[PDB]
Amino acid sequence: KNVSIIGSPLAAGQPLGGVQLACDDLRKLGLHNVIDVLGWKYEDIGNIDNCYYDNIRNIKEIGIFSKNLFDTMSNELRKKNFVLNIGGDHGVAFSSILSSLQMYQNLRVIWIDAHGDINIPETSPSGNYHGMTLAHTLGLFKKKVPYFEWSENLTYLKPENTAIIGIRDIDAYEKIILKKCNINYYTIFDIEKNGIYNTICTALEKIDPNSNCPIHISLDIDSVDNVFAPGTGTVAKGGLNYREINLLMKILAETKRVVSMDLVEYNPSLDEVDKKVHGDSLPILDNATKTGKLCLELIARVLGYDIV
């Protein structure tokens, strides 16, 4: 029951600033108090500081940042702590997943997101890296990436060992990439047809038939509907509701096999207040903005927080 907290305030994977403030905002809202009350011990490492493709925006900053995060997280993982990586945009998942994968070769990744993030630079509509991060992590890039030389000899994630859950906003080329690489995916329609519980059980059974693999959760908060999670840069209608995302995290916690996690794309500057209702019982700051509060509750779920 030891968790290493890493702040990864990288905002170079997408147009906006805001996500760089997420790590410190979650601390201000009561991250430490929340971990404390759940009976976990924490070590807060602070914040990470900061032939070829020529069409990825801000790639130098991203590459340099990613090397630092990779080295820092590798060191935390070796402690056999649960490692919590708080972004930052989804670009931080590359170093997070790959560092975890080098240590846990049989890692299974649950990528929770409204989007695929599975564009490659030659298909990206935006040139924004956070929309390509999963494709990069899966070894789908065809050329070398500037400032990622340090990563060229790493073992990459395999599509068959991955499940994407909650998707609903996929680009034309992405649809082809998704089908082609044979990754396991579960759309909001699958969730509507079968329910979130059956969906995650199906995903876990598919990627971990013997229920014996370590799990990495990469949670993009925009997987959650705008009604509950307005504090995020790229919104897609018809997301996971409050009950669903909480149950999902609870089920993953109950595997007892989660070793690491990203929580990405929380943007405090975009967030809104409700606020304070009696049900906000975790030691979270009164009247906190709703997405920030949700983030802390979802982290609590992963650490074992339950209704009774």
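Throughout, we count residues from 1 along the sequence that is shown.
- According to the record, the deposited sequence contains no missing residues between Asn68 and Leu69, so the chain is continuous there.
- The deposited model assigns a higher average Cα B-factor to 140 to 148 than to the other stretch when 87 to 95 and 140 to 148 are compared.
- Stretches 235 to 243 and 37 to 45 differ in mean CA B factor, with 37 to 45 having the higher one.
- Taking the deposited Cα B-factors for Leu26, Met261, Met249, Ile56, the highest one is held by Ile56.
- Between the residues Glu122, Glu205, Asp225, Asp169, the entry's highest C-alpha temperature factor is the one at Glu122.
- When the CA B factors of the chain's modelled residues are split into thirds, the value for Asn212 lands in the middle one.
- Among all modelled residues in this chain, the alpha-carbon of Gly292 has a temperature factor (C-alpha) in the lowest third.
- When the modelled residues of the chain are ordered by their C-alpha B factor, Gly131 lands in the middle third.
- Split the chain's modelled residues into thirds by C-alpha temperature factor. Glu272 is in the middle one.
- Among the modelled residues of the chain, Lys158 sits in the middle third by CA temperature factor in this PDB entry.
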